[PDB]
Number of protein chains: 2
Amino acid sequence: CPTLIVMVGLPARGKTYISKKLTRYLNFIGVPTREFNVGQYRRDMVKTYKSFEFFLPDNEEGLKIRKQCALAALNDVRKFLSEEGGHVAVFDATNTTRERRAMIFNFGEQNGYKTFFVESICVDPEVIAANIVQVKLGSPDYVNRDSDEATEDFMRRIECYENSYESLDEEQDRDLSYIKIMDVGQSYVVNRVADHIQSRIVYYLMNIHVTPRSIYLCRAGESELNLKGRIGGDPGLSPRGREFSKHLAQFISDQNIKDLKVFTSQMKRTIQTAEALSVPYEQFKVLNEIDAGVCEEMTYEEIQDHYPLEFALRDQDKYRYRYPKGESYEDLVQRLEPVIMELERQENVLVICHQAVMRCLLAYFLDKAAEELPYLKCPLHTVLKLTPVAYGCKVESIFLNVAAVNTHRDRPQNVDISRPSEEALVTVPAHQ
Amino acid sequence: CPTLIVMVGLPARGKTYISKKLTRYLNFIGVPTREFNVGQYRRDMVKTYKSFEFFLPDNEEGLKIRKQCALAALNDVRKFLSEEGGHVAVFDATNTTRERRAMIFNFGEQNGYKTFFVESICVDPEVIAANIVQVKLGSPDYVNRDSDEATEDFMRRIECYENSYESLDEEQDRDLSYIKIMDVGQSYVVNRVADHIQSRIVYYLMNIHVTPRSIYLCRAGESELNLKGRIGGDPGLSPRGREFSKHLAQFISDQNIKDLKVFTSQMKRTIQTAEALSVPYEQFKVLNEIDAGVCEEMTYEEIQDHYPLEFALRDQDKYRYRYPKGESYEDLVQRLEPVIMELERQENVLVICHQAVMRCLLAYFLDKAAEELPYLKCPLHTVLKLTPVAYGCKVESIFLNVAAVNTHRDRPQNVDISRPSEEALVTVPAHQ
Ligand SMILES: Nc1ncnc2c1ncn2[C@@H]1O[C@H](COP(=O)(O)OP(=O)(O)NP(=O)(O)O)[C@@H](O)[C@H]1O
Ligand SMILES: CCCCCCCCO[C@@H]1O[C@H](CO)[C@@H](O)[C@H](O)[C@H]1O
Ligand SMILES: CCCCCCCCO[C@@H]1O[C@H](CO)[C@@H](O)[C@H](O)[C@H]1O
Ligand SMILES: CCCCCCCCO[C@@H]1O[C@H](CO)[C@@H](O)[C@H](O)[C@H]1O
Ligand SMILES: O=P(O)(O)OC[C@H]1O[C@](O)(CO)[C@@H](O)[C@@H]1O
Ligand SMILES: O=P(O)(O)OC[C@H]1O[C@](O)(CO)[C@@H](O)[C@@H]1O
Ligand SMILES: [Mg+2]
């Protein structure tokens with residue numbers, strides 16, 4: 001049974017924000033998910049600016065168009081889940097009345113889906129008025145609109161909804177599976193989680209927040225095997241590596257951060273790097289570098305020479321193919337699900353890790369496709385600072401002023417199985 | 001910061017049941033946890049039978065003894081978290097008033113703990129009458145007590161609480177971190193989860209239930225390597241394993257179970273065993289047998305001969321010591337946490353797995369210590385039926401009438417490092 005997640009809530013309550021986060025997360029863990037924004041359907045259709053009058057519960061051309069757009073989107077939900085093999089569809093609309101929700105529920109019922117509701121009720125001033133100055137900012141609806149008039153219009157638009165707004169009821173909606181999220185995550189009300197996927201969605205939703213904070217990601221300092229062009233293993237830091245540790249520690253202080261939690265893997269290179277900090281760290285084996293299996297501690301020349309076909313295949317699909325007894329980047333992603341969860345839940349946090357692991361975490365916060373993830377640039381002695389914002393995440397690359405080797409191998413233009421060794425290793429960075 | 005879980009609710013609301021499941025779960029995942037039942041403190045202090053009068057709001061003698069039992073328990077909570085190195089303490093008492101909960105909360109505050117409340121609510125009388133028949137049955141309080149009088153007395157005891165009962169309020173208790181469980185876990189209210197452990201506790205509590213059902217555990221049938229006395233690998237079924245598959249299918253039918261979900265690992269022996277039932281199934285790599293690393297596909301004789309230091313060590317701490325590039329039973333336990341979660345969430349379920357995995361799962365439901373876990377007996381072609389009950393889990397061993405080899409190796413009396421090889425392999429079951 002595919003799942004139909006139905007957003008419920010007044011405009012500017014974070015329904016879309018939640019819809020995007022949930023959709024991105026689900027896709028990241030490999031569940032084909034797609035969001036359907038009814039407002040976008042409405043914009044892409046009328047093409048002409050509309051005032052709040054169009055949202056009035058008595059307007060004809062308005063109620064007509066809005067219901068048609070809801071049906072258009074629902075038709076695409078049907079196609080995605082029933083025809084394209086999608087697993088979860090997120091239907092982003094106010095859906096503030098029991099009749100509309102009953103309508104949508106029956107739709108799901110008839111098409112063989114399981115419906116689950118997600119209501120967002122924001123009440124805190126620094127959220128409502130806070131989302132407006134983002135609606136008023138990035139919304140196509142208020143482009144080239146006088147500030148005071150746009151702000152006023154939107155307020156009357158929310159009013160068009162408050163008047164008939166029927167929030168999910170403990171008794172009247174006992175039989176529905178849903179979650180009510182208050183004040184962007186302070187409290188929650190959960191009812192009738194029907195299955196495994198819903199239990200995971202709930203778990204995720206109850207762990208995200210919008211508290212300002214930053215996520216710092218960096219690899220351990222250059223190690224002995226980084227110098228030799230060797231992958232995997234458990235080397236200690238190189239001299240220049242220890243030098244970086246000292247630089248990270250300074251950077252961290254200069255940053256002046258409220259309650260920084262530091263995490264490292266169980267590999268010496270990260271722990272050693274962490275020892276330079278003042279703050280105590282927490283080591284987790286789940287953060288360990290991607291296992292190369294049989295190709296552990298080898299160089300690329302050695303892999304090509306010993307495992308020539310697997311090297312070519314990995315080059316063809318670096319996301320899905322693994323070395324013998326090793327992991328794929330796909331595997332790594334499954335392994336890091338608990339890290340993604342904790343990072344969502346954390347506030348200010350520094351993660352000292354490795355190249356593959358760091359690519360995965362960066363792909364998550366910057367929403368990079370699986371195919372592009374195994375190739376993201378995560379240089380040594382460089383600190384990636386991630387600051388979550390509305391719909392996105394700002395990234396700042398901060399080189400900590402200490403040279404280091406290039407462990408980054410681009411994909412060669414020739415990824416053929418029959419290719420010669422020269423072309424296979426032409427992108428291999430200089431080492432030793 | 002150790003955590004202080006404070007149970008809240010009227011008598012016969014499942015506070016204790018929840019306290020024991022939560023305590024067992026937390027310990028299983030390696031978080032030193034201890035529950036403190038205030039009623040047991042009361043029973044041990046007084047020794048003599050007490051009518052409802054003893055619990056009266058005005059009974060001066062009883063108000064005092066109950067106050068001495070509450071503080072006694074709290075002093076032990078303090079000793080455990082602050083002196084014994086415990087991580088989580090579950091304070092099991094009614095704690096039905098705002099003023100009481102604030103006293104407890106201050107205690108936690110002063111001792112450097114984080115307080116989290118778990119309220120269990122039940123306003124359904126058949127459920128209460130059903131529960132009482134467990135209180136009236138297993139409670140030391142109503143031993144040798146006339147049924148109608150016991151039942152009556154307990155009802156008046158609940159009233160001693162209902163009258164002053166102030167449930168956790170959305171507004172009044174806005175600053176408290178808590179979870180309210182309603183309709184025996186149908187709905188929930190969660191407020192201010194403060195950290196990672198609370199987030200995991202919430203996740204766990206929202207996924208357990210008391211819907212009657214059974215958990216069936218059995219290994220895959222005898223395999224080619226079982227015959228050879230070889231551990232690990234990915235062998236197929238032996239002629240007997242196939243025969244068992246045919247026996248398990250029959251047993252499953254004879255059982256006449258409602259909606260049986262079947263799970264297997266990604267190893268052929270389990271899948272092949274599953275292929276013989278009348279119902280479909282799902283496979284999971286998380287269920288794969290414990291990784292022996294370098295000692296994969298080896299025999300015990302071979303392990304003693306090639307890695308003597310490790311066979312002796314693993315023999316010393318079979319829970320914590322691992323083979324090189326392999327897992328420890330401790331690691332397996334961590335790996336199976338998502339399996340524990342799902343099994344709790346499931347109703348009627350059959351898991352076709354392996355020896356080490358089945359030991360871990362059996363240790364969870366039967367609450368066997370980590371030190372005893374790596375040694376539980378899980379014979380081939382033998383089905384272990386687990387039926388969860390109040391505070392425990394009933395276990396029925398069902399041999400499916402098909403002979404098989406012994407893969408069970410008792411801990412040899414000599415586990416001394418540098419021990420003679422004949423003593424090291426004396427408990428090795430005959431094979432080939
Ligand atoms: N969420 C729940 N709601 C209702 N009953 C439950 C819940 N969880 C467990 N039970 C049942 O409650 C019974 C166990 O009750 P018990 O734990 O003795 O209650 P209690 O609140 O600790 N009473 P007391 O110790 O007398 O104050 C069993 O029959 C369980 O199946
Ligand atoms: C940290 C110290 C906790 C003090 C616990 C006070 C125990 C008094 O017991 C009280 O009994 C009353 C009727 O008998 C009930 O109504 C109250 O809920 C209960 O708290
Ligand atoms: C930087 C990332 C920090 C990760 C914090 C990990 C907290 C506990 O990690 C836990 O490990 C268990 C098995 O080991 C898994 O089953 C759980 O899903 C995972 O949360
Ligand atoms: C003993 C059998 C229990 C099997 C447990 C299966 C665990 C589910 O495994 C995976 O977990 C991921 C975590 O979010 C989900 O996203 C995936 O959909 C799910 O398949
Ligand atoms: O996937 P790629 O690009 O080969 O990079 C991964 C390698 O990078 C390293 O982190 C160091 O170069 C190795 O541990 C790892 O195998
Ligand atoms: O951990 P123990 O008791 O030595 O035995 C576990 C072994 O049992 C088996 O399941 C079969 O003998 C192996 O796969 C596994 O390695
Ligand atoms: Mg109790």
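One-based numbering, in listed order, for ligands and for the atoms of each. All heavy atoms count here, side chains included; hydrogens, waters and symmetry mates do not. Every chain is numbered from 1, with letters handed out A, B, ... down the list of sequences.
Side-chain N/O atoms of A:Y203 and B:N207 include no donor and acceptor closer than 3.5 Å.
Within the structure, every pair that satisfies the side-chain hydrogen bond (donor to acceptor under 3.5 Å, both in side chains) test and touches residues 266-275 of chain B, not counting sequence neighbours, is listed here: B:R242-B:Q272, B:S265-B:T270, B:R269-B:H354, B:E275-B:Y281. Residues in residues 93-114 of chain B take part in these salt bridge (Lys or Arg N to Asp or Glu O under 4.0 Å) pairs, two or more places apart or across chains: B:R98-B:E166. Residues in residues 1-13 of chain B take part in no salt bridge (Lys or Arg N to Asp or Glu O under 4.0 Å) pair, two or more places apart or across chains.
Aromatic pair A:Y204/A:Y25: ring centres closer than 6.0 Å. Between B:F36 and B:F91, the distance separating the two ring centers is not shorter than 6.0 angstrom.
For a distance bound of 2.8 Å, the N, O or S atoms of B:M7 include none lying that close to the Mg ion (ligand 7).
Here is the list of ligand 4 atoms found below 4.0 Å of a heavy atom in A:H196: 8 (C), 15 (C), 19 (C). The atoms of ligand 4 that sit less than 4.0 Å from any heavy atom of A:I29 are 14 (O), 16 (O).
The shortest N/O to N/O separation between A:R200 and ligand 4 falls below 3.5 Å.
The residue B:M341 has no part lying near ligand 4, judged by heavy-atom distances below 4.0 Å.
Ring orientation note: the planes of B:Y17 and B:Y391 are tilted relative to one another, at an angle of 30° to 60°.
Using a non-hydrogen distance threshold of 4.0 Å, B:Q346 does not register as a contact of ligand 4.
Looking at B:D92 and the Mg ion (ligand 7) together, the shortest N, O or S contact belongs to OD1.
Annotation: cation-pi geometry not satisfied between A:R320 and A:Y329 (NZ/CZ under 6.0 angstrom from ring centroid, within 45° of ring axis).
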Would you mind listing each N/O atom of ligand 2 next to any protein N/O under 3.5 Å, plus the distance?
| residue | atom | partner | partner atom | Å |
| --- | --- | --- | --- | --- |
| ligand 2 | 9 (O) | B:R66 | NH1 | 2.9 |
| ligand 2 | 11 (O) | B:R66 | NH1 | 3.0 |
| ligand 2 | 11 (O) | B:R66 | NH2 | 3.4 |
| ligand 2 | 14 (O) | B:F55 | O | 2.5 |
| ligand 2 | 14 (O) | B:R66 | NH2 | 2.6 |
| ligand 2 | 16 (O) | B:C160 | O | 3.0 |
| ligand 2 | 16 (O) | B:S164 | OG | 2.6 |
| ligand 2 | 18 (O) | B:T96 | OG1 | 3.1 |
| ligand 2 | 20 (O) | B:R100 | NH1 | 3.4 |

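Atom OH in B:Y364 sits 13.0 Å away from atom CG in B:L217 (nearest 0.5 Å).
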